[PDB]
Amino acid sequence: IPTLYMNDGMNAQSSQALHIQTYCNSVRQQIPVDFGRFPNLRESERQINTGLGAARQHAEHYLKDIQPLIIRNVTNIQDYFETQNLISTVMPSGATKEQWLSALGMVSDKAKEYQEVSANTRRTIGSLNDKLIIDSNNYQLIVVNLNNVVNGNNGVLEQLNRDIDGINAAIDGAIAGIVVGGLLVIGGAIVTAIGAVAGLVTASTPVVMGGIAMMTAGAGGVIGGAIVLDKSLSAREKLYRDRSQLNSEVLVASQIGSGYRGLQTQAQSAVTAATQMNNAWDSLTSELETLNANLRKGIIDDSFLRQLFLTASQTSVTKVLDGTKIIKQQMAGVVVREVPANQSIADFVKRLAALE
């Protein structure tokens, strides 16, 4: 069972990591707000842009310091299972009990080192989640204050925040399912695009923060997922259209707030995936330590270990090794499309849906 927990952990963390990576890129592409036209909104502009700087730093911390740890974890799984296959192919024909005890000791020590890497990753994303919880909650105070400065209706603003939170669940879900479905496609790719979360007006700063599309490309390059994803992206754009009675600068502040909270939502999902991955390494190290103790105590013998390691090599190891190779290629091979300045993310995906 540890090998299947390992495989499920790797698939879930790898697919989620691509989603939070794209989300982070959307945060880093958000232009600072400009309330230059309204002099007594200067303090609200500074607070929001201070917030956006902090959000950009959190996104950069994920991209630069955490994503490489998730890829490393996949390499560690590969190296663990290659070492397990080495044991399985060299030791059953002739290895002594002494050699089996050393093998279990040395492979348990390597698994424990990989487990500790997974645990450091979990703690690092846990700390980032915690800072994002604090910062995204404090950010919402700025939006309420700005709504008060312009004598806005706080019931309309709260109804918009509740609606966007609701639709963000659907968008997050649709994207999670698209990336899960594409992760293990041989020769396939993940295609990404960043754009405005609401309809664009030529004559209000556009907000691309959490304005993401993720789709699949097969071996032949043909896009999948745009039709699926188009329903929720258009829904978000429609919920913002239905509150164009709200103050324009409040709307922008609110959209950045939903983006900041959405970045925290992604970080929470990354904690969950990292916890599942650490728990899967724990089950593997626990098994290997138990085998080592059981052999030393004469509760199992070399014949038991021959059976276990020959069966392991022939049953679920090949699927995990194939996965590590496909996952590394997919994570290195993400395709970015540039969205034209006059297309929202929903307009861009709708044009792709029309072609699928």
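Residue numbers here begin at 1 and follow the sequence given.
*Which of the two stretches, 143-151 or 96-104, shows the higher mean Cα temperature factor in the record?*
Comparing 143-151 with 96-104, the higher mean C-alpha B-factor belongs to 143-151.
*Per the entry, where is the mean C-alpha temperature factor higher: 326-334 or 40-48?*
According to the entry, 40-48 carries the higher average C-alpha B-factor.
*When you compare the CA B-factors of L157, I133, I77, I171 as listed in the entry, which one comes out on top?*
Comparing C-alpha B-factors across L157, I133, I77, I171, the top value belongs to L157.
_Using only the C-alpha B-factors in the record, can you name which of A12, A341, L18, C24 has the highest?_
Most elevated C-alpha B-factor of the set, per the entry: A341.
_Splitting the chain's C-alpha B-factors into thirds, which one does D34 fall into?_
As the PDB entry reports it, the C-alpha B-factor of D34 lands in the highest third of its chain.
*Classify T265 as lowest, middle or highest third according to the C-alpha B-factor given in the PDB entry, relative to its own chain.*
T265: CA B-factor falls in the lowest third of its chain.
*For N73, the third of its chain into which the C-alpha B factor falls*: As the PDB entry reports it, the C-alpha B-factor of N73 lands in the lowest third of its chain.
*Comparing against every modelled residue in the chain, figure out the third that the C-alpha B-factor of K297 lands in (lowest, middle or highest).*
Within its chain, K297 is a highest-third residue by C-alpha B-factor, going by the deposited values.
_Cα B factor band for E113 (lowest, middle or highest third within the chain)_ = CA B-factor rank for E113: middle third.
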